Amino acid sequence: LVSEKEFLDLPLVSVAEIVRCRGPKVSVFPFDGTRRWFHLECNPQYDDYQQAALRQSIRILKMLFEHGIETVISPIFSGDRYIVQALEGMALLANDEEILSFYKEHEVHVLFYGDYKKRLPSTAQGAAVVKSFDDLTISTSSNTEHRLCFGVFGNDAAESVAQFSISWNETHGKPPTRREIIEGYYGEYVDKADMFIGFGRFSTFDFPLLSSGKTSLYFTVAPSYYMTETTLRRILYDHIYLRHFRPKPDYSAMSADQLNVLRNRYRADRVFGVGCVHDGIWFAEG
């Protein structure tokens, strides 16, 4: 029984306790539109993309964890032979000092999911990235306050599940349960996503097995890196108090006039996700 203004005025710790009580326990947050943001808020002539971007990802993950969210799932990647570059960008997640300090300071256990072992190049660099992912999962394994799952080619889990399940049944004598399948794919058991925060065109991606009809979807207008505290709070408020508001509507107990308002509104077309294009850029209308 909290209003939005009240929720906005709460001290941070109260918000965190509410989130631990009611969720979202598992939040999906790809960092999207990093391109556009980099051209708008940095200097592309002087600044370097990878470091700036990493700084912002750190800021947002910090914010999410500090709001009492236990697990963040963050799909990162899904010319050519600029692959060296992008393998270095992946490498930052396991070697950059600032982010390692972040994992330490916030007691984050980092896990990687997806088809990266087979899809990454069979080069010494590719092998090095994979090995640094493995090693990072091991060296953060003593952390238990938060879980961060990074998705690298984490889009089509069907074949991976098929093979995991064949092996499992061969060594256990029965199929793996859903929990066991999830543990196999993410490394540890993770609950279904409570929310997905996307950007721009309405679409979701790269959290196999964890999607449900109870996953709340949001789409920012600005690139993810513009995410402010106020915004995160309006999202949290919507998911916690409004998405599953009780009691459910009782149409029979509604006056003739209320029913008239609903009837008239629905009769006189409005659909979220229908957009417009300006200078080659899509914007949601409304």
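Sequential numbering from 1, following the sequence displayed.
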property: Unmodelled stretch of the deposited sequence separating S78 from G79, binned as none, 1 to 3, 4 to 9 or 10 or more; result: 4 to 9
property: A268-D269 interval: deposited residues absent from the model; result: 1 to 3
property: Residue range whose averaged C-alpha B-factor is higher in the record, 42-50 or 220-228; result: 42-50
property: Of 130-138 and 180-188, the one with larger mean CA B-factor; result: 130-138
property: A124, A157, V110, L93, ranked by C-alpha B-factor: the highest one; result: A124
property: Residue with maximal Cα B-factor (values as given in the PDB entry) among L236, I69, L259, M63; result: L259
property: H278, C-alpha B-factor rank within chain (lowest, middle or highest third); result: highest
property: B-factor third for the C-alpha atom of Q85 within its chain; result: highest
property: Relative C-alpha B-factor of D206, binned into the chain's lowest, middle or highest third; result: lowest
property: Assigned third (lowest, middle, highest) for the C-alpha B factor of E97; result: highest
property: Chain-relative CA temperature factor third for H106; result: middle
